[PDB]
Structure formats: structure tokens, C-alpha cells
Amino acid sequence: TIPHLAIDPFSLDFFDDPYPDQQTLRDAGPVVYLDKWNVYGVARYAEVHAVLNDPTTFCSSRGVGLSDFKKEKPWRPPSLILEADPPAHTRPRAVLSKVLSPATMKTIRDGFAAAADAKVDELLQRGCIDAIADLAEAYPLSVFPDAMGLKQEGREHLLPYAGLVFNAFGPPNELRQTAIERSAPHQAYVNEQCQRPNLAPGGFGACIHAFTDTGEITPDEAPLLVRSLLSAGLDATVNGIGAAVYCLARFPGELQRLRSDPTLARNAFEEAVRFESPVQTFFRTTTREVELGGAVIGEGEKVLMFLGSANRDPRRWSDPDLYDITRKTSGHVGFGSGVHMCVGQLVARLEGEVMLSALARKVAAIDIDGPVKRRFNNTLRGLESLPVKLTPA
Ligand code: HEM
Ligand SMILES: CCc1ccc(C(=O)O)cc1
Ligand SMILES: [Cl-]
């Protein structure tokens with residue numbers, strides 16, 4: 001039997017402090033019904049992991065937001081990777097895996113690390129900075145658009161466009177409808193940059209187009225795959241890095257452990273992804289009647305997965321509410337799991353690692369120094385402003 005809850009997981013009060021409500025969602029049962037939006041929800045680790053790894057029943061081709069593409073028109077042409085199922089998903093996924101491959105990371109690591117080192121030294125000269133605007137946003141903006149091969153003109157549209165994308169996965173609340181209304185200039189900029197002439201040879205975007213020669217994607221598929229990287233490739237990392245700084249500012253003991261062994265930087269970042277889960281939620285749509293955790297669900301139903309809750313589920317994690325940079329993080333679902341698991345995870349971890357490495361080697365303390373402000377988004381968890389004082393090592 002399935003409990004009905006009135007919790008709105010897309011309300012500002014929920015975003016402001018989701019953790020009590022997430023425990024209510026977990027402890028009510030393995031599967032809940034959210035009467036506010038007429039969707040099923042799973043918030044425990046086991047069921048979230050199971051849904052993610054059962055793509056033939058919990059599909060993505062009817063949308064991974066609230067909207068069902070079989071019932072409503074998508075606000076933009078469907079993503080060829082995020083909003084596709086196998087087999088259509090497979091070859092586009094392979095292209096992005098190769099574009100963002102381990103081999104590709106060799107070509108960008110030195111510049112990504114150099115930019116992170118320089119940014120931290122720059123911020124140490126200022127002393128008191130906003131870790132969002134001046135760090136979590138500034139650093140990805142300084143490396144990722146260039147790595148994409150984007151021209152300089154128009155980059156002001158990148159973060160607004162991503163904010164729209166992530167709000168649009170949500171329900172038709174004020175956040176979503178404000179985001180979609182008059183979004184055309186953002187869409188126009190992105191869609192134009194996805195065309196082959198506008199992408200610098202050697203960058204991620206041009207490499208996507210180069211794979212049209214192989215038969216893995218057609219030329220008309222390449223712009224939409226560039227669009228995927230321009231949708232996901234900046235804003236999630238902004239909130240991942242901001243999350244990591246927020247954790248280190250709140251857990252000084254863990255900053256000191258990181259200073260003691262900067263080779264913990266990569267796992268310190270992975271733990272931040274688990275702890276904050278910058279990508280909080282995604283939907284699936286059932287392709288058939290299915291039973292889940294003892295409960296039954298009909299065909300064509302939306303299922304909301306609480307990734308952040310799964311990453312704090314005490315059934316799976318010891319001390320889930322503690323930030324522990326030596327935690328064995330493998331198994332967390334902050335990057336997803338299964339056939340859709342973050343194809344950009346090597347870029348994300350690269351940025352996160354080298355920024356936390358720079359902090360580890362250069363900073364002695366991070367003290368919150370002014371009002372903290374949360375940024376509200378139907379899908380992304382993160383801060384709008386994080387004023388901190390950095391003390392040099
Ligand atoms: C901390 C940073 C990031 C987080 C937390 C994150 C989170 C996620 C999650 C949870 C999914 C699963 C989607 C699903 O199961 O429906 C995903 C997929 C995806 N991500 Fe990431 N992401 C991050 C960074 C990036 C970056 C840097 C890129 C590109 C450069 C990227 C591109 C993608 C793409 C294209 C997909 C779709 C993969 C597929 O459907 O096969 N993401 N991401
Ligand atoms: C990081 C979540 C995300 C993944 C993929 C897309 C896309 O394909 O547009 C958009 C967002
Ligand atoms: Cl678009």
C-alpha cells in the first residue's frame with residue numbers, strides 16, 4: 001500500500017531545507033505518491049538505484065522532467081542522449097564518451113589545473129570573495145567554454161540557458177514558467193553555437209561534428225549533441241564546486257585533512273557531490289505496469305527519483321549527514337547510475353579535483369564572512385552567494 005504525501009519537492013521551502021522532508025519521504029515507504037504533482041516518488045537508495053538501472057521499464061524517452069512527451073510538446077527538441085532510450089541512445093552516447101574520454105582529459109588537464117591554481121592565487125590576493133560568483137562560476141567559465149571551442153561573443157547566455165534547462169525539468173511552477181517565458185534569446189544563442197562553423201577546431205564541439213564522418217551520428221544530430229554539453233556542462237559543475245567549497249567552509253577538520261594530503265582532492269570532490277547532490281532529482285516514465293519495492297505502478301506514470309536523498313539514506317551510508325573526504329563514495333548516485341550515468345563525469349571530476357588541489361596547497365582556512373544566499377532551481381541545489389575569507393597557507 002502506497003502512502004500519499006502533500007510535500008512539494010519543488011517548493012522554495014523545500015529547497016531551503018530539504019533534509020527533514022527527504023527523511024519523511026524515505027521513511028513513509030519505499031514508494032510514495034506525491035499528490036501535489038500526481039507522480040510517484042522513490043527516496044531510498046535501493047529503489048533509486050534500482051529505477052536508474054531498469055531503463056526498459058523506467059524510460060527516459062518520454063522526458064526526464066515532469067512533462068510526458070507522449071502527452072505534451074517538449075519545450076525544446078528532445079535531447080538525443082538524455083531523453084532517449086537504447087538503442088537510439090547508444091551511438092550518440094558513444095560519441096560523447098569518446099569526445100569526453102580519458103584520452104581527451106590528457107589534452108586539457110594542464111590548462112585546467114593551471115587555471116585553478118591561478119584563480120586561487122588571485123582570490124588569495126583579494127582576501128574576501130564570493131565563492132559562487134568569484135570561484136564556483138568564475139573558474140568553470142574560464143576553462144569550459146574555451147574547451148568547447150565557443151566564440152567569445154554571447155557567452156553571457158550560457159548560465160541563463162542552463163538555469164532554464166534545469167528549471168524546465170521541474171513542474172509548471174513559477175520557477176519553470178518564468179524560465180521558459182522569453183527564453184528565446186538564450187535558445188537562439190545556444191542553437192547557433194551548436195552549428196559547425198561556430199566551433200573552434202580541436203574543441204569538444206568540433207570533435208562532436210568530426211564524428212559525423214564515422215557513421216555514429218549524422219550531421220543533423222551533431223548540433224543537438226553539442227547542445228547537450230552546453231546544457232549540462234557548466235551549471236552542474238558550478239554547483240558541484242560551490243558545494244565542495246561550502247563543505248570545506250563548514251567542516252574545517254576536513255579542510256585540514258585535505259591540506260595534509262592534497263591527493264585526497266578528487267575524493268573530497270566526489271564526497272561533495274554525494275553530500276550536496278547538486279543534481280537533486282530526475283524523472284522516469286513507466287513503459288509498463290511494474291511493481292517496485294513491494295508497490296505497484298501503472299503504465300505511463302512519472303516516477304521522481306530523489307538522488308540527493310538516496311545519497312543521504314542511512315540504510316546505505318554511515319553518518320550520511322557528515323562530510324568525510326576519505327569516505328568510500330563509490331555507489332553514490334549524484335552522477336546517476338547505469339546507461340545514462342553522467343557522460344561528462346571526467347570533465348566534472350577534473351575541474352573539481354584541480355580546484356580542490358589548489359585550495360589544499362594554497363589555503364589554510366575558509367571562513368564564511370557574510371550572508372549566505374541560496375539559489376533556487378527545480379533541479380539544481382546550490383548557493384547564490386557564499387561570502388568567505390580565504391587565509392593563505
Ligand atoms: C558535478 C557535476 C555534474 C553532475 C552532478 C552531473 C549529474 C548528472 C546526472 C545525475 C546525470 C544522469 C541523468 C539521468 O540519469 O537521467 C547526468 C547525465 C549527463 N551529464 Fe552530467 N553532471 C555533471 C557534470 C556534467 C558535465 C561537466 C557534462 C559535460 C561536459 C555533463 C553532461 C551530461 C550528459 C550529456 C548527460 C546525459 C548522459 C546520458 O543520458 O547518457 N554533465 N549528469
Ligand atoms: C546534467 C544533467 C543534464 C544532462 C544532459 C542534458 C542534455 O542532454 O541536454 C541536460 C542536462
Ligand atoms: Cl535550445
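Both counts, for ligands and for their atoms, begin at 1 and track the order of listing. Nothing fancy with the numbering, it's 1 onward along the sequence.
Side-chain contact between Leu383 and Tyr246 is present, with heavy atoms from C-beta onward closer than 4.5 Å. In this structure, the side chains of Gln23 and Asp313 stay at 4.5 Å or more apart for every pair of heavy atoms. At a threshold of 4.5 Å between non-hydrogen side-chain atoms, the residues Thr212 and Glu221 do not count as touching. Within the 4.5 Å cutoff, no side-chain heavy atoms of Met305 are placed close to those of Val333. The shortest distance between side-chain heavy atoms of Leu175 and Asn377 does not fall below 4.5 Å. Considering only heavy atoms from C-beta on, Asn167 stays 4.5 Å or farther from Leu164 through its side chain. By the 4.5 Å heavy-atom criterion applied to side chains, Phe283 and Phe58 are not counted as neighbours. Taking 4.5 Å as the limit, every side-chain heavy atom of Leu66 sits out of range of all side-chain heavy atoms of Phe169.
Contact atoms of ligand 1 toward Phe144: 30 (C) (distance under 4.0 Å to a heavy atom of the residue). Interface of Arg93 with ligand 1, defined as ligand atoms under 4.0 Å from a residue heavy atom, comprises 38 (C), 39 (C), 41 (O). Near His89, meaning under 4.0 Å from one of its heavy atoms, ligand 1 places the atoms 39 (C), 40 (O), 41 (O). Atoms of ligand 2 found under 4.0 Å from any heavy atom of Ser231 (numbered from 1 in listed order, with element): 9 (O), 10 (C). Interface of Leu82 with ligand 1, defined as ligand atoms under 4.0 Å from a residue heavy atom, comprises 13 (C), 14 (C), 16 (O), 40 (O). The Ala348 neighbourhood of ligand 1 comprises atoms 2 (C), 24 (C), with distances under 4.0 Å to a heavy atom of that residue. Interface atoms of ligand 2 facing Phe282, defined by a heavy-atom separation under 4.0 Å, are 2 (C). Numbered from 1 in the order shown, with element, the atoms of ligand 1 that lie under 4.0 Å from a heavy atom of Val339 read 41 (O).
Protein heavy atom nearest atom 34 (C) of ligand 1, with residue, atom name and distance: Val343 CG1, 3.5 Å. Closest to atom 40 (O) of ligand 1, if we only count protein heavy atoms, is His340 ND1, 2.7 Å. From the protein, the heavy atom lying nearest to atom 6 (C) of ligand 2 is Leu82 CD2, 3.6 Å. Here the heavy atom of the protein found nearest to atom 20 (N) of ligand 1 is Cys342 SG, 3.5 Å. The closest protein non-hydrogen atom to atom 9 (O) of ligand 2 is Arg76 NH2, 2.9 Å. The nearest protein atom to atom 7 (C) of ligand 2, hydrogens excluded, is given as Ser228 OG, 3.5 Å; this is a heavy-atom distance. For atom 6 (C) of ligand 1, the nearest non-hydrogen atom of the protein is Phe335 CD2, 3.7 Å.
Taking only non-hydrogen atoms, the option from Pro86, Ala147, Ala232 nearest to atom 32 (C) of ligand 1 is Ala232. Among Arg284, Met341, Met305, the residue whose heavy atom lies closest to atom 14 (C) of ligand 1 is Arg284. Selection from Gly233, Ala232, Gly344, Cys342 by nearest heavy atom to atom 1 (C) of ligand 2 gives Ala232. Distances from atom 7 (C) of ligand 1 to the heavy atoms of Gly334, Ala236, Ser231, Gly336 put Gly334 nearest. Which of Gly233, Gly352, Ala244 comes nearest to atom 26 (C) of ligand 1 through a heavy atom is settled by distance: it is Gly233. Here atom 37 (C) of ligand 1 lies nearest to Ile81 when heavy atoms of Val333, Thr90, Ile81, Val64 are compared.
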Step-by-step side chain to side chain donor-acceptor pair (under 3.5 Å) determination, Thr326 to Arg257: CA-CA 9 Å; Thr326 54; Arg257 300 173 76 206; 2.8 Å; yes

Steps toward side chain to side chain contact (heavy atoms under 4.5 Å, CB included) verdict (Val303, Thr285): CA-CA 6 Å; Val303 180; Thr285 315; over 6 Å; no

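Figure legend: cation-pi geometry between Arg312 and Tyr19, with NZ or CZ positioned under 6.0 Å from the six-membered ring centre and within 45° of its axis. With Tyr45 as the aromatic partner, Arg316 meets the cation-pi criteria of under 6.0 angstrom to the ring centre and within 45 degrees of the ring axis.
Residue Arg227 places no N or O, backbone or side chain, under 3.5 Å from any N or O of ligand 2.
Here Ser79 has side-chain heavy atoms under 4.0 Å from ligand 2, and that is the only part of it that gets that close. Counting heavy atoms under 4.0 Å from ligand 2, residue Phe335 does not touch it at all. Under 4.0 Å from ligand 1, the heavy atoms of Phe282 that appear belong solely to its side chain.
Under 3.5 Å, the side chains of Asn311 and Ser309 contain no donor-acceptor pair of N or O atoms.
The aromatic ring centres of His157 and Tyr189 sit less than 6.0 Å apart.
Applying the side-chain hydrogen bond (donor to acceptor under 3.5 Å, both in side chains) test between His332 and each of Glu270, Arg327, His49 identifies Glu270 as the sole match.
Using a 4.0 Å heavy-atom cutoff, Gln345 is absent from the residues neighbouring ligand 2.
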